[PDB]
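# Fold and contact review
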Amino acid sequence: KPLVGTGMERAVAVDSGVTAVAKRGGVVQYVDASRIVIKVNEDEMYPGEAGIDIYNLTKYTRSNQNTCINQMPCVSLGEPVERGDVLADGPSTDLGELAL
Amino acid sequence: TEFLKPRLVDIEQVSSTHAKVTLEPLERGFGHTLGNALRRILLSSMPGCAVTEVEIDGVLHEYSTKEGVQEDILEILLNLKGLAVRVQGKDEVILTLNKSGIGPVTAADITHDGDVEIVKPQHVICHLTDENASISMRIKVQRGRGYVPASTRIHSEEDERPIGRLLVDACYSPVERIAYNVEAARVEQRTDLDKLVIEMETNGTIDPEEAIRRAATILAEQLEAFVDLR
Amino acid sequence: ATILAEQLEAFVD
Amino acid sequence: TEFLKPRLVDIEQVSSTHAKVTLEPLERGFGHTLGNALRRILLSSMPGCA
Amino acid sequence: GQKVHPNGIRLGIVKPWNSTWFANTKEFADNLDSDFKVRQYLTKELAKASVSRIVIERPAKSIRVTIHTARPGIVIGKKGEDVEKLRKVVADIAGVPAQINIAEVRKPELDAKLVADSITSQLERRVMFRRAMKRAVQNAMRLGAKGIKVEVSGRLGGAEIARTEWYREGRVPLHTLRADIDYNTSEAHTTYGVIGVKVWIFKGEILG
Amino acid sequence: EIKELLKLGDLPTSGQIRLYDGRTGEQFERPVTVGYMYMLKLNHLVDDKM
Amino acid sequence: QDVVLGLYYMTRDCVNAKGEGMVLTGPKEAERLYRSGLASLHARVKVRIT
Amino acid sequence: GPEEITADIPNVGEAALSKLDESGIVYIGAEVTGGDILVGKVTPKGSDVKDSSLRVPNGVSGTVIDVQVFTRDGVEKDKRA
Amino acid sequence: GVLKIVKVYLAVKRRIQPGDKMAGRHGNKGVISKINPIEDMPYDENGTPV
Amino acid sequence: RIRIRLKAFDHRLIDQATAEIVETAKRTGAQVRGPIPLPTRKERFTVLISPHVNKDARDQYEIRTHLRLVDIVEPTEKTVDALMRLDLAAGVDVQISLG
């Protein structure tokens, strides 16, 4: 988390797809050892396909420059998230910001 | 030779960790000498116990993940490296942490023995989320000084240990911050004397008068090479 | 050296 | 928890009023402790008459 | 049957025990039986893995096994997959909570038992016994044994008249109690019969 | 605004603190600048070049 | 670069410091007055040099 | 002939069969450094055996985090496959 | 075509050492030279090392 | 008073255990009685060493069970409980008994 940033850290850390930005908002079930499980609020939820969103976290693996790309959940269990919000911090990210 | 000798007159505990201590009376000019010498020794060479080997069940390496927890295993090893333990009799003990159920895993959940004292009952380690999840780690707490890291302790270890024991770096020194001040002493007949106000900040495990006594013995036994031989 | 040792001679073990 | 005691290895006596006390080996960051303590005492505390 | 067992004579001094527990006359026999069982099982399992010494140690109604092996990788397999498997079976054998530790044997050429096993294996796969013996001796010497002796006996080269042959190198003092004499034995179940292999490895003298 | 924010915290307005020396225990003259810079580790590591 | 800054700060002067206009019997006690804390590194002074 | 994936590594002694299983290949995890053996991979006729067994490069350490194997339909011993 | 296909993924953990390269965001490159102890660092009067 | 009966085959180990127990006692409570050595049981065994026959051929083994009697005169709140988490080294059967 850069103490002196410019505020463009948020847009770069979201728009580069290294963090697990929530597709549909709602609460959470948080099995998470394997995947973040998000229960969807009813307004964003389709009539059929009852549906809860299960995000795959990419754990310790090889990047193209032999660095380590790793995602860690930054939301707890039973915590509201909105559409477009971040859920898992990628490499060099801290709560959706950009921490090189 | 009209010199004097100092004593530890008042030892105030501001908290359980951050605690000042006076020294009185010091001679003229000696204040910064003893303060800087006790600072260097008290930051470099104090003995304190720390976590060395962590043994979690159903684990392969430290870069895996586990069932039912928040922090990953590297996060658990970092939060265990921050632990503050205070053993009394032995110099190498093995603790046990067993806990199931939804909720955070404090340091107060370790099934203590008699001679180990965990002085931080709000140190968080894990965040167990599944009620069917369990975690049973067996920590090993040695005792030394300085900084001995995992790379050097990769071949240094003689006692052939079995494979599966994660190696945590050893931050042995329990002193983190120390500042001294040379005030003006309130001596009823002398005005050219001073006091030394050492302001320690410990890990909670070390007793400040004991730390000052040990640093003084270290300095005296180092200077005996100058005293006796030439 | 003996000045400093006698100065620190008080609170040792 | 045992510390390294040194041996005083050399007194290169250049003149009758000159010396060079080569001294080895100490723990990491102890040479500055001993040297600075002795230097401040020898500068501003050693008794004598003039 | 001239000679005293080199391990057995030294258990009080320089050599330690394998089974390391206390029990009253009531539970002792049972414990022994359990130990025998578990050890037997382990031998059966970890034959391909080079295993030297199983050390059983049971405190507080819970069995702690310690397997000394030259290659932990084959005993452990994937990290905590094979060991874990072993553990439950051990527990079953005992009837108590089990705990397996695996000590890595540095220098398997200097471990006597391992050497013996190797020799036996060689014999089984129809090598010249003598050449095997030589190899055993030489290797140990190279590794830094103060001395080694090996002995093989019976139906050597499938010969009708059985005999014993033995190679010593360095010094192997057996009468000297303070000498660290790693002794052990094995048996090659060949087509012509059994061939017993003894091997003494003198690490050095202990001073106390 | 940097000066005013340094006045909200209890820090000196100039951005510069007097610093002592860990070796000699005595003050550096002419107070020095201490602050927090966001420093990065670039992937030119020395035990890939040796 | 660093060493010319250390020299340019060392051999300079200011119109008042600790030990302005005192007299010194050699360069050895000039360094002894700088180390003990009785003069400043730049304070104009009559010395006796050879 | 084809090359082979076996621990029965030659000339080299009880310094081959170590961070591996009885059927060959590094056994996962471990504190491997330089000069170790990861995948026993050597052929006969190549008293005429050799050591192509992919080892660890000089100067590096590490922990085997993952082993992938979509090998020539046969990699198995009698049964891990 | 390819027969035996075994890929093994090591993971070295490199710390920091004399010789690595660090840099801020402004173009201030640097090769980290000495990894000092905590004691020899310049501490301010509050006690924290830099 | 808490009487403690340490029993083991290895004497050194037993001694080590005893010391540890004392340490455990002494920090928490006060006036530990002391480590009193009782008589050692030397349970001997003779056996014929031949597989078939040779009766004068014999090995005479023994198991030396050592006893250490440690007593604690004042059981406090802190002290007695301290032993629960404080398990001793393996191969040493302890036997605490209050009153």
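Residues numbered from 1 in each chain as written, not as in the entry; some residues may be left out. Chains lettered and ligands numbered in written order. Part of a larger assembly, values for the part shown. Heavy atoms only, no water.

In the PDB archive, cryo-EM is given as the structure determination method for this entry, at a resolution of 3.8 Å.

Moving on, we come to the overall build of chain F. The helix and strand tally for chain F stands at one helix and three strands. For a compact globule of 50 residues, the expected C-alpha radius of gyration is about 10 Å, and chain F comes in at 17 Å, more than 25% above that figure. Referenced to the eigenvectors of the C-alpha coordinate spread, the extents of chain F come out at roughly 45 × 35 × 15 Å. By element, 55% of the accessible surface of chain F is carried by carbon and sulfur atoms, the whole surface being about 4,200 Å². (Helix = DSSP H or I, 4+ residues; strand = E, 2+ residues; numbered from the N terminus. Rg over C-alpha atoms; globule rule 2.2 N^0.38 Å. Areas by Shrake-Rupley, 256 points an atom, 1.4 Å probe, with all protein chains shown as cover.)

Here the focus is the overall build of chain B. What chain B contains, in helices and strands, is three helices and 14 strands. Over its C-alpha atoms, taken along the principal directions, chain B stretches across nearly 75 × 40 × 30 Å. Within the span of chain B, comprising 230 residues, buried residues form 53% of the whole. Sequence-distant contacts, at least 24 apart, represent 69% of the contacts inside chain B between residues at least 6 apart. Computed over 26 positive and 39 negative side-chain charges, the separation of the two mean positions in chain B equals 5 Å. (Buried < 20%, exposed > 50% of the residue type's maximum accessible area, 1.4 Å probe, protein only. Contact = heavy atoms within 4.5 Å. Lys, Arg positive; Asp, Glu negative; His and termini not counted. Charge placed at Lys NZ, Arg CZ, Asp CG, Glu CD.)

All names here are of chain B. Taking strand neighbours across the sheet as the criterion, the three strands line up as 1-14-13 in an open arrangement whose pairing is antiparallel. In this open sheet, the two edge strands, each paired with only one partner strand, are strand 1 (18–21) and strand 13 (175–182). Between one strand and the next, the sheet's axes are offset by a mean angle of 15°, whatever the strand orientation. For strand 1 and strand 14 (residues 196–202), the ladder comprises four bridges, and the chain directions are antiparallel. Bridge pairing links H18 to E201 in strand 14. Contacting strand 1 and strand 14, helix 3 (residues 208–227) runs over the sheet at an angle of about 110° to strand 14. (Pairing = 2+ DSSP bridges. Axes fitted to C-alpha atoms, helices over the stretch in contact; angles between N-to-C directions.)

This paragraph deals with the environment of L167 of chain B. Residue and element names in this part refer to chain B. Here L167 is to be found in strand 11 (residues 166–167). Taking the C-alpha atoms as reference, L167 lies 23 Å from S45; in sequence the two are 122 residues apart. Not counting residues within four places of it along the chain, the set of residues in contact with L167 comprises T52, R153 and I154.

Moving on, we come to the arrangement of the chains. Across the 20 pairs of chains in contact, the largest number of contacts is found between chains F and I. Across all C-alpha pairs, the smallest distance from chain A to chain E is 17 Å, and the two are not in contact. The two units chain F and chain J are non-contacting; their minimal C-alpha-C-alpha distance is 38 Å.

Residue and element names in this part refer to chain A. A grouping of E42, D43, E79, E82 and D85 is seen on the molecular surface, where their side chains present a negatively charged patch. Take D43: it is sitting in the loop between strand 1 (35–39) and strand 2 (52–56). Judged by its relative accessible area of 68%, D43 falls in the exposed class. (Patch = residues over 30% accessible without salt bridge, like charges linked within 9 Å, V, L, I, M, F, W, Y side chains within 5 Å. Salt bridge = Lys/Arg side-chain N within 4 Å of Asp/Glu carboxyl O.)

In this complex, chain F contributes 21 residues to the contact, which on the side of chain I involves 21 residues. Carbon and sulfur atoms make up 57% of the surface buried where chain F meets chain I, a total of about 1,900 Å² over both sides. When the area that chain F buries against chain I is broken down by residue, the three leading residues are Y20, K41 and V46 of chain F, summing to 26%. Seen at the junction of chain F and chain I, the total is two salt bridges. Taken together, the links from chain F to chain I amount to nine residue pairs in polar contact. Residue composition of the side of chain F that touches chain I, grouped by class: twelve nonpolar, three polar and six charged. As paired elements, strand 3 (residues 40–41) of chain F and strand 2 (residues 21–23) of chain I share two bridges and run antiparallel to each other. Opposite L40 of chain F, over in strand 2 of chain I, you have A23 of chain I as the bridge partner. (Buried area = accessible area lost by both parts, 1.4 Å probe. Polar contact = N/O pair within 3.5 Å; in protein donor to acceptor, adjacent residues only side chain to side chain. Nonpolar A, V, L, I, M, F, W, Y, C, P; charged D, E, K, R; others polar.)

The next point concerns the packing of helix 2 (residues 28–45) of chain E against helix 4 (residues 82–94) of chain E. Residue and element names in this part refer to chain E. Where helix 2 contacts helix 4, the axes come no closer than 9 Å and their chain directions differ by 150°. Classified by the angle between their axes, helix 2 and helix 4 sit roughly antiparallel to one another. Pair helix 2 / helix 4 crosses with right-handed handedness. Taking contact as the criterion, the partners of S34, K37, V38, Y41, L42 and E45 in helix 2 are, on helix 4, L86, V89, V90, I93 and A94. Looking at the contact of helix 2 with helix 4, its residues break down into eight nonpolar, one polar and two charged. (Parallel < 35°, antiparallel > 145°, perpendicular 65-115°, else oblique. Left-handed = near helix turned anticlockwise from the far one by under 90°.)

Another aspect to go through is the packing of helix 1 (residues 30–44) of chain B against helix 1 (residues 31–44) of chain D. Running from N to C, helix 1 of chain B and helix 1 of chain D point in directions that differ by 175°, and their axes come no closer than 10 Å. Viewed along their axes, helix 1 of chain B and helix 1 of chain D adopt a mutual orientation that is roughly antiparallel. Packed against helix 1 of chain B, whose contacting residues are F30, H32, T33, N36, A37, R40 and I41 of chain B, the element helix 1 of chain D presents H32, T33, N36, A37, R40 and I41 of chain D at the interface. Looking at the contact of helix 1 of chain B with helix 1 of chain D residue by residue, the classes come out as five nonpolar, six polar and two charged.

Time to look at the pairing of strand 7 (residues 194–205) of chain E. Residue and element names in this part refer to chain E. Bridging between strand 4 (residues 147–153) and strand 7 involves seven bridges; their strand directions are antiparallel. In the strand pairing of strand 7, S153 is matched with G196. In this sheet, strand 7 lies alongside strand 6 (residues 179–189) in antiparallel orientation, the contact comprising eleven bridges. Each bridged residue has a counterpart across the sheet, and for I181 the counterpart in strand 7 is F202. Between strand 6 and strand 7, which pair antiparallel and follow one another directly, the connecting turn spans four residues, one of which, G193, has a positive phi of 150°.

Volume-wise, the largest cavity comes out at about 110 Å³. Lining the largest cavity are 13 residues, with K59 and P73 of chain A together with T65, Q70 and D72 of chain B positioned closest to its centre. In this structure, the second largest cavity spans a volume of roughly 60 Å³. Taken together, the elements giving at least two residues each to the lining of the second largest cavity come down to strand 1 (2–8), helix 1 (11–28) and helix 2 (77–85) of chain J. Of the residues in the lining of the second largest cavity, the class split is seven nonpolar, two polar and no charged. (1 Å grid on protein atoms, 1.4 Å probe; cavity = no way out; pocket = protein on both sides within 12 Å on 5 of 7 lines; lining within 4 Å. Points joined across faces, edges and corners; volume = space filled by probe spheres on them.)

Moving on to the sheet that holds strand 3 (residues 98–104) of chain E. Residue and element names in this part refer to chain E. With respect to topology, three strands assemble into an open sheet ordered 1-2-3, the strand pairing being mixed. The sheet terminates laterally at strand 1 (51–57) and strand 3, the two strands that pair on one side only. For this sheet the average axis-to-axis angle between neighbouring strands, irrespective of direction, equals 20°. The pairing of strand 2 (residues 63–69) with strand 3 spans seven bridges and is parallel. Bridging across to strand 3, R64 finds its partner in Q99. Running at roughly 130° to strand 3, helix 4 makes contact with strand 2 and strand 3 of the sheet.

The subject of this paragraph is helix 6 (residues 129–143) of chain E. Residues and elements named next belong to chain E. Along its 15 residues, helix 6 runs 21 Å from first to last C-alpha, staying within 8% of the 21 Å computed at 1.5 Å per residue. Along helix 6, the positions that sit buried rather than exposed are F129, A132, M133, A136, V137 and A140. Seen from one end, helix 6 has its buried residues packed into an arc of 130°, which puts them on one side. Residues of helix 6 that are buried sit in contact with helix 5 (112–124), strand 4 and strand 5 (164–170). Backbone geometry just after helix 6 places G144 at a positive phi near 110°. (Expected span 1.5 Å × (residues − 1). Arc of directions from axis to C-beta.)

Once that is clear, we can look at the side chain of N101 of chain E. In this structure, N101 of chain E sits in strand 3. The exposure class of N101 of chain E is buried, given its relative accessible area of 18%. In this structure, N101 of chain E is in contact with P162 of chain B together with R64, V65, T66 and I67 of chain E, ignoring residues within four places of it in sequence.

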